[PDB]
Amino acid sequence: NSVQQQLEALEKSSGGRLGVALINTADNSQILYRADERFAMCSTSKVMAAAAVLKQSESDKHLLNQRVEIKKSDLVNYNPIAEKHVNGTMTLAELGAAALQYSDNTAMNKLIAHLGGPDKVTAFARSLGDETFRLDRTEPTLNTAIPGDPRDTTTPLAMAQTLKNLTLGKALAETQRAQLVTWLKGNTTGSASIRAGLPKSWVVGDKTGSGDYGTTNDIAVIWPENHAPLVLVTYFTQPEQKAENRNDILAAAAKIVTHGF
Ligand SMILES: *[B]([O])([O])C1=[C]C2=C([C]=[C][C]=[C]2)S1
């Protein structure tokens, strides 16, 4: 079976809708499966918010160390890092780290608020040539992931292209690019997702996302030991609101598309 046939079969068994975009930076070849279809990003959108702040920091050398007050009222449904800092402050850098490496929702909301709202995150994506990404809501409602709802969505290909630009390419100045990569490499939430489908010693940076409709996502930059990087987006969503999330599908898709590298 071809890679396409394997992906189609995986989707068939899965009980959902699978979206994959792999970019092989050796030759810009791509493996695409529903790669132009929209999916709710869920926490994969945290990358765009953090990157928007990194972009601002290129022209404001004091920005990343700017204190942000964390109040009890700021806490939302998931605040593993921010809850430790209630009544204190976190810097914008610390909020970027928490949003990316722990998927902290308070951190995401502080980034969005700092930027001036979801529409400003969209404008940042557009400035990178991403015509597809849209952020519409804050946490936690941006994760409703209702089938057919365009809010807080992108496509696998758009997000793969933008993640490539952000981490390996032209989007950010070097220090900021390196910081984003450091953050992604230190992610703590992705063990069972794309990473689980790859050779154990490959270096990976990723951001997971999950939401309602069993929406289960991961976006990754992958550095093989003897090959150019790969950029991989695996998005997955299901028809029923209370579907279980399925990181195993993402691992399986990653294994299918990285065979041979
Ligand atoms: B993200 O990782 O997709 C997240 C979304 C929510 C989290 C916690 C609570 C509610 C939504 S993490």
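Structure determination for this entry, per the PDB record, employed X-ray crystallography and reached 1.207 Å resolution.

A. Expanded view of the sheet that holds strand 9 (residues 230–237). Ordered in space as 2-1-9-8-7, the 5 strands form an open sheet in which the pairing is antiparallel. Strands with a single pairing partner mark the edges of an open sheet, and in this sheet they are strand 2 (29–33) and strand 7 (203–210). Shown here is a sheet whose adjacent strand axes are inclined to one another by a mean of 5 degrees, direction ignored. Both strand 1 (residues 17–24) and strand 9 contribute to a ladder of 8 bridges, which runs antiparallel. When the sheet's bridge partners are listed, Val20 is paired in strand 9 with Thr234. Across the sheet, helix 1 (residues 3–14) lies against strand 1, strand 2 and strand 9, angled at about 30 degrees from strand 2, the strand it touches most.

B. A look at the pattern of salt bridges. Applying the stated rule across the entire model yields 13 salt bridges. The shortest N-O distance in the salt bridge between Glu37 and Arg34 comes to 3.0 Å. Looking at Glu37, the relative accessible area reads 27%, which means it is partly exposed. One salt bridge connects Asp248 with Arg246, and the closest N-O pair in it is separated by 2.8 Å. On the basis of relative accessibility, which here comes to 18%, the residue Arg246 falls in the buried class. Several salt bridges share partner residues, and in doing so they unite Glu11, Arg17, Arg34 and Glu37 into one network.

What counts, and at which threshold
Residues numbered from 1 in each chain as written, not as in the entry; some residues may be left out. Heavy atoms only, no water. Residues with missing side-chain atoms left out of burial classes, pairs and counts. Pairing = 2+ DSSP bridges. Helix = DSSP H or I, 4+ residues; strand = E, 2+ residues; numbered from the N terminus. Axes fitted to C-alpha atoms, helices over the stretch in contact; angles between N-to-C directions. Contact = heavy atoms within 4.5 Å. Salt bridge = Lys/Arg side-chain N within 4 Å of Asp/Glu carboxyl O. Buried < 20%, exposed > 50% of the residue type's maximum accessible area, 1.4 Å probe, protein only.

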